[PDB]
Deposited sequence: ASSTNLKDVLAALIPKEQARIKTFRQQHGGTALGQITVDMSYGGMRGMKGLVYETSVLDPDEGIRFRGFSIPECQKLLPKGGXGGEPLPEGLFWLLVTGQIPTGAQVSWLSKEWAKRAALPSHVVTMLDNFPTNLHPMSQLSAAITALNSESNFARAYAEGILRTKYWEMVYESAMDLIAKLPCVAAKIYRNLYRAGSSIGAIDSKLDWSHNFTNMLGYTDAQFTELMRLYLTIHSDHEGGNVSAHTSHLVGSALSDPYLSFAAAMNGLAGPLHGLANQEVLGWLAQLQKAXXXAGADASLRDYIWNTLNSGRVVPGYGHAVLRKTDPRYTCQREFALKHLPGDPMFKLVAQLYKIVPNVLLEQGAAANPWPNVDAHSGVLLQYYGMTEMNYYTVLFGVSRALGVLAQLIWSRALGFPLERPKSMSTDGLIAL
């Protein structure tokens, strides 16, 4: 009997995994997986195997994998709206479950996220009174924190539920949060950039991305395709990245999914992290201010470097090759906006930057990351408000971080609480 329900699937899946991690540990918990050095400690855990995070794994050479699904595999395997890009809905199923969803599963997420998309009065109010000089990421983060009012997990906890059921309430709050996100984000968009206009209604019959673009006010049929791709690729990037790790850390203390997501956003807002989005365009924007020669392009790069600044959109803590998320984006531009001068500049930079970065001899990875390519795509379609880009990153990232969050709690992962040391104490060790 019956029809589609992610929660039931999960109910079936949890005990097996539980069982599976127990024996593994019973046999191997004692096993040394690595060592910790002094440089690692001073170095931001660089190179330390610190967390279990199941939804995605980053290979330094190959790049991100969703099951063991690469981006190009996703692109072919995940259901599409009709009509060439993968629906972030399907990605979400994939991440949660480990399996490739059917079109019909996918429709279910769509409807589910449409049903759940509703904003409480206090939230709307706060967003409506925010100053226009308050950054969109700040606006977003405060809004999601303020939504915790509504937390199903925070409520069940307060009621004294057995730990065993945590995942259940986490799941509800995750689905709800993902559902609301586009409304919050679009409301910020509309307030800042389209004063006096309204986000309108969510239509149950559309996919999440399309409802988002409607609320954003974009009609271009290719913009919608761009959106689907964007929100899919920005999903997740393993556990060690600042935003995911923050959610993981905060979630471990049993703060609800809203609070943990919001802290994650404060992390995504940092220039070395998601804000790179924005930083890239601002830098391109300056570049152009000051059709240039490779030599003048190179002078420009050196001047940033010589000034004690980073070249945004290049480098990576883990990647050692060009990010497939970058390629992914380039391949979209080549199809759709090949003559765009911004695009051309970004293509040109790919020829120069890494070479300059190799010359300088500091960056361990001289190749571009996702952020070097995303804004150019947006700007083409009319979305030229750069300080907003990270908000989009923010919306996507919910998909991976919440998908894992549910597992953490299902698996009963404890408080994240490593040991710290001072220099004097290490000196003494």
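In sequence order, the gaps in C-alpha coverage of the deposited chain fall at 83, 292 to 294.
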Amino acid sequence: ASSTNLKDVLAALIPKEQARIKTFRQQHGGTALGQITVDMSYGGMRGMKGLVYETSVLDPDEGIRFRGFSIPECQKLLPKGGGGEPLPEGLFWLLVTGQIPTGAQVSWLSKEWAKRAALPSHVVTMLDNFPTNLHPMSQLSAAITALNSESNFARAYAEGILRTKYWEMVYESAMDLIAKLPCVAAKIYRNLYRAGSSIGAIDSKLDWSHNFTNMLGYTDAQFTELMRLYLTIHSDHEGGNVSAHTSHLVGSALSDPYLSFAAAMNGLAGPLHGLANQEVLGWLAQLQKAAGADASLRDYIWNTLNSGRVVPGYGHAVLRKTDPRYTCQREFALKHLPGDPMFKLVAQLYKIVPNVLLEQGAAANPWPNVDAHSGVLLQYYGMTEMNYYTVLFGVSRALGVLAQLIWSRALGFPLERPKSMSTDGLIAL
From here on, numbers count along this sequence of modelled residues.
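The term rigid core refers to the maximal set of C-alpha atoms that superpose within 1.5 Å between the two forms.
Here the rigid core sets the fit, and in 4 other deposited structures of this protein the C-alphas of 354 to 362 stray farther than those of the other stretch, out of 241 to 249 and 354 to 362. Comparing the two stretches 229 to 237 and 343 to 351 by root mean square C-alpha distance in 4 other deposited structures of this protein, with all structures fitted on the core, the more displaced one is 343 to 351.
Between 59 to 67 and 23 to 31, the higher mean Cα B-factor belongs to 23 to 31. In this entry, 81 to 89 shows the higher mean Cα temperature factor of the pair 246 to 254 and 81 to 89. The residue among 208, 300, 223, 167 whose C-alpha carries the highest B-factor in the deposited model is 300.
For the set 312, 274, 217, 98, the maximum C-alpha B-factor listed in the entry falls on 98.
Among the modelled residues of its chain, residue 13 has a C-alpha B-factor that falls in the highest third according to the deposited record. Among the modelled residues of its chain, residue 283 has a C-alpha B-factor that falls in the highest third, as given in the PDB entry. Residue-level temperature factors show residue 108 in the highest third of its chain, judged at the C-alpha atom. For residue 38, the recorded CA B-factor ranks within the highest third of the chain. Only modelled residues enter the ranking. Ranked by Cα temperature factor within the chain, residue 240 sits in the lowest third according to the deposited record.
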